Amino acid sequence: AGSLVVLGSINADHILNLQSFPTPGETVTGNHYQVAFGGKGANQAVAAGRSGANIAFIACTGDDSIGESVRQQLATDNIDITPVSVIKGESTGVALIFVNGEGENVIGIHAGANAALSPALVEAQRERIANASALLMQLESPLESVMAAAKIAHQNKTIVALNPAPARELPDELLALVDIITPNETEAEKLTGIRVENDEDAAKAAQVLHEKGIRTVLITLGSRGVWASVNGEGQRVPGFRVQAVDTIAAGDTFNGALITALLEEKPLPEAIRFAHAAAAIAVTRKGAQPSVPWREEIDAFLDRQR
């Protein structure tokens, strides 16, 4: 397989399980409480490393205690943490997360040291990005750095995979550099203006994105799987039917495992099925980063799928 570079956030997730999300001005008594490592960057780097990728992660942590402990944890997930920088005088990004009784979540993040991953730190990784087969990024890192890295990858024929989360509009300059884009329905709408509630709307939104220069458009549809579209031709690839207990990190798992399968030269439909299997396991498990499956578990799940 070729080599993967993930560039993105690292957060300290503070997660409280409760029955129902609190409404304005209300206090709700929750149950289980956990502090764990997270961040869309780190979650996708862990999904790639645990599923078998050859992956290195460009990220910034603070030098608070959790910042000084997270690189050691990530190295054990088969991630080359050489390009994870520790920013002195700053604290690691934070997420405050509520998970309801049905397994849905709401997340509020604070950038912290993730905001120090700058164009200059990207430029210091130019050779690493140029030599990689693929670059996977999200939108929890400064837009300027995402753009700087997409440009380096574009110049060197490094595949640019962008999971455009959390949702925001992006400049056409950045969208023209992306090879693979993986919005959920909300993100697809934010990027194109087309609400996606069915496969017909998914093809409409996909076409706008293809019109921006993006060849492979994968619009994730929750329990309905994904609308896969390559330069206009699209199809729905259903996910696996499982009993969801906590949907957090589903998307992150899908992305990291998706790129691992593509870098092993599995064709797109098969890579999507591999990623659907990894994400299906993840939604049957509690927590975000801890819920990401290992390669042997993903294969065992696929092997049982007849």
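In case it trips you up, residue 1 is the first one in the sequence shown, and so on. Rigid core (definition): largest C-alpha set, two forms, superposition within 1.5 Å.
Superposing each structure in 4 other deposited structures of this protein on the rigid core shows that the farther-lying of 213-221 and 97-105, by root-mean-square Cα distance, is 97-105. Comparing 33-41 with 52-60 by root mean square Cα distance to the shown form in 4 other deposited structures of this protein, with the rigid core used for the fit, gives 33-41 as the more displaced stretch. Higher average CA B factor: 241-249, of the stretches 264-272 and 241-249.
Higher average CA B factor: 171-179, of the stretches 171-179 and 139-147. Going by the entry's values, 155 shows the largest Cα B-factor out of 155, 85, 114, 163. Out of 89, 119, 193, 108, it is 193 whose C-alpha atom has the highest B-factor in the PDB entry.
Ranked by Cα temperature factor within the chain, residue 19 sits in the middle third according to the deposited record. Split the chain's modelled residues into thirds by C-alpha temperature factor. Residue 133 is in the lowest one.
When the modelled residues of the chain are ordered by their C-alpha B factor, residue 298 lands in the middle third.
In the deposited entry, the Cα temperature factor of residue 31 sits in the top third of values across the chain's modelled residues. Among all modelled residues in this chain, the alpha-carbon of residue 208 has a temperature factor (C-alpha) in the highest third.
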